[PDB]
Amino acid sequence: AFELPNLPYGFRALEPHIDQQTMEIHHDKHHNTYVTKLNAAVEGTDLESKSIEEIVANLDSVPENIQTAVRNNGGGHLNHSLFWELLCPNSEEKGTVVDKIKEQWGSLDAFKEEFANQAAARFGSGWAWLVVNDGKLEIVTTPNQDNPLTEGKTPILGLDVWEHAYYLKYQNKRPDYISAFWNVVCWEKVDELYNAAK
């Protein structure tokens, strides 16, 4: 069924913004676990065939006794599958969604300022997102491994703010992590996800 996807550029491609140690453990351990437990949950169910997008959209209809496992692990798999593809070494701060973000916030810096505040504000483990919601842009956060897909909002950019993704380098300084993040945001893809959005 579900497979851990290969990192597009290896572990050192986001230096010095995200450390090379964190990338290997995040990918090889944290994500790997999500995939193993997810496969264990759906192995032998009607879910086994279907895509993680379809499943995370439909958590409410996932059978009782595996709903938690799928939410947590299905989400972990989707969330991190997007993250890897959304981090770029040759990030160019331009394209469709950036045009569309300047059209909605006035400037990219006024967007970042909100995103950063919502990212910093999410108490405990969670993600910060920019989502396409009924054609409009919205900045929402989720706790743990929850994904706005579950609430009919297509995510086009996400940031893991679990401490396991920033603590080796930035320790308690989550802001520095969010600031740094921008340097490796892969807008070529953030676009790709806006186009396919429904």
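In case it trips you up, residue 1 is the first one in the sequence shown, and so on.
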Which has the higher mean CA temperature factor in the PDB entry, 71-79 or 89-97? 89-97
Can you tell me which stretch has the higher mean Cα B-factor, 121-129 or 108-116? 108-116
Have a look at 134, 28, 160, 146 and flag the one whose Cα has the highest B-factor in the entry. 134
Lowest, middle or highest third: where is residue 35 by Cα B-factor in its chain? lowest
Could you tell me which third, lowest, middle or highest, the C-alpha B-factor of residue 190 occupies within its chain? highest
Temperature factor at the Cα of residue 164, chain-ranked in thirds, falls in the lowest
Quick one: classify residue 142 as lowest, middle or highest third of the chain based on its Cα B-factor. lowest
Would you mind ranking residue 152 by its C-alpha B-factor against the rest of the chain and naming the third, lowest, middle or highest? middle
